[PDB]
Structure formats: structure tokens, C-alpha cells
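Quick notes on the structure that follows.
In each ligand, atom 1 is the first atom listed, and ligand 1 is the first ligand listed. Side-chain atoms are counted along with the backbone in the values below, which use heavy atoms only and exclude waters and symmetry mates. One is the number of the first residue; the rest follow in order along the sequence.
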Amino acid sequence: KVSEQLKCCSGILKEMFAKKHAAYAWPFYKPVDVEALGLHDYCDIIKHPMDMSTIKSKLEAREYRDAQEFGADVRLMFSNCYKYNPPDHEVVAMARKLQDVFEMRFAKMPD
Ligand SMILES: CCS(=O)(=O)Nc1cc(-c2cc(NC3CCNCC3)c(=O)n(C)c2)cc2c1ccn2C(C)(c1ccccn1)c1ccccn1
């Protein structure tokens with residue numbers, strides 16, 4: 001049986017995948033497709049790639065000890081996007097909208 005916090009994490013993630021936020025979430029649904037996009041330097045600048053599908057597998061497979069480890073992976077996904085891409089890029093604008101959704105739910109998660 002998993003903590004009440006880890007259960008709320010599953011609902012936060014689900015909200016991130018909801019149609020409501022799809023217009024900015026969709027680039028984060030799966031691993032960055034480095035071959036298709038032609039990003040030869042990605043795995044050299046980003047040592048720990050992360051996306052919402054990897055986080056969902058890790059969550060459900062009970063690989064997070066707690067909500068804080070779940071949040072560190074969501075934030076690593078955003079950090080990677082902010083590290084790799086120019087500050088004024090649209091994909092960064094999209095990351096920032098999805099991050100706002102996440103930050104707001106993560107903070108309102110009961111103790
Ligand atoms: C679900 C994961 S995926 O399968 O890997 N899909 C996609 C992922 C991403 C993506 C790209 C990043 N960086 C690149 C670096 C090079 N310059 C462009 C941005 C990034 O950091 N993340 C997190 C996601 C862009 C995608 C698609 C599909 C289309 N596009 C882009 C490039 C695109 C291609 C063609 C037409 C329109 N848009 C795009 C660019 C900007 C915003 C959204 N998509």
C-alpha cells in the first residue's frame with residue numbers, strides 16, 4: 001500500500017496528461033525523440049533525460065520512495081528543457097505553462 005501523497009502524485013500526473021493542458025503538455029508526453037528531431041548533442045548536454053511517460057512507469061512500478069522523489073523527476077524534465085533550449089523558445093514557454101500546473105497541485109497536496 002502506497003502513501004496518500006504518492007496516490008495524489010498519480011492524479012497530478014493524470015491532470016498533466018488531460019486534454020485541458022494538451023496544447024502545451026504534448027511535447028513532454030514521451031522521451032525527446034533525439035533521432036527524429038536530429039539532436040546529436042542532447043544526450044551530451046542532458047545526462048538524465050526525463051518525460052511524463054517515464055515518470056508514470058516509475059510511479060506505478062513503485063520506484064519513488066515519496067512524493068518528493070516524484071517531484072524531483074517532474075522538475076528534472078522541466079530543468080532539462082530549460083538547460084537545452086534557448087530561454088525565448090516556444091518549447092520553454094510550453095514547459096513553463098505545464099510547470100505552473102504541476103507546481104500548483106504539488107503545493108496543495110495534503111500532508
Ligand atoms: C513527445 C516527445 S517527441 O515525440 O520527441 N515530440 C516532440 C518533442 C519536442 C521537444 C523538443 C525539445 N527541444 C527541441 C530542440 C531543437 N529545437 C526544437 C526544440 C524539447 O526540449 N522537448 C522537451 C520537446 C518537439 C517536437 C516534438 C514533435 C514536434 N516538435 C516540434 C520541433 C515541431 C516540429 C514540427 C512542427 C512543429 N513543432 C516542436 C517545436 C516547438 C514546440 C513544439 N514542438
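Considering only heavy atoms from C-beta on, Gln5 comes within 4.5 Å of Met109 through its side chain. Under the 4.5 Å side-chain criterion, counting only non-hydrogen atoms from C-beta, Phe102 is not in contact with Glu15.
When distances from atom 34 (C) of ligand 1 to the protein are checked, no heavy atom turns up under 4.0 Å. Atom 39 (C) of ligand 1 is not flagged as protein-proximal [any protein heavy atom, distance under 4.0 Å]. Within the 4.0 Å cut-off (strictly below), a protein heavy atom is located near atom 23 (C) of ligand 1. Counting protein heavy atoms under 4.0 angstrom from atom 31 (C) of ligand 1 gives zero. There is a protein heavy atom closer than 4.0 angstrom to atom 19 (C) of ligand 1.
In this structure, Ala95 falls outside the shell of residues with a heavy atom less than 4.0 angstrom from ligand 1.
In the hydrophobic clustering of ILVMFWY residues, with side-chain heavy atoms under 4.5 Å counting as a link, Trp26 and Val101 come out together. Put simply, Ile46 and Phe28 are part of two different groups of oily side chains (I, L, V, M, F, W, Y) that touch within less than 4.5 Å, one to the next.
A donor and an acceptor atom, one from each side chain of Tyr29 and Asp51, are nowhere located under 3.5 Å apart. Defined by atom type and a distance below 3.5 Å, a donor-acceptor pair is present between the side-chain atoms of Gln99 and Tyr82.
Protein heavy atom closest to atom 17 (N) of ligand 1, with residue, atom name and distance, is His89 CE1, 3.9 Å. Among all non-hydrogen protein atoms, the one lying nearest atom 14 (C) of ligand 1 is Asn85 OD1, 3.5 Å. Scanning the protein for heavy atoms near atom 42 (C) of ligand 1, the closest one is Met94 SD, 3.8 Å. Protein heavy atom closest to atom 27 (C) of ligand 1, with residue, atom name and distance, is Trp26 CZ3, 3.6 Å. Given atom 2 (C) of ligand 1, the protein heavy atom at minimum distance is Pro27 O, 3.4 Å.
For atom 16 (C) of ligand 1, the candidate residues are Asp41, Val91, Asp51, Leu39; the nearest heavy-atom contact is made by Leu39. Between atom 8 (C) of ligand 1 and the options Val32, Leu37, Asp33, the minimum heavy-atom separation is to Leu37.
Using a distance-only test at 3.5 Å, with no hydrogens or angles considered, no donor-acceptor pair links the side chain of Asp41 to the main chain of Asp44. A donor-acceptor distance shorter than 3.5 angstrom exists from the side chain of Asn80 to the backbone of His48, with no hydrogens or angles considered. Side chain of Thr54 to backbone of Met50: no donor-acceptor contact under 3.5 angstrom is found.
No salt bridge links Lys58 with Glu69; every basic N to acidic carboxylate O contact stays at or beyond 4.0 Å.
Near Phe28, the atoms of ligand 1 lying under 4.0 angstrom from a non-hydrogen atom of the residue are 23 (C). Proximity to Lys30 (heavy-atom distance under 4.0 Å) selects the following atoms of ligand 1: 1 (C), 2 (C).
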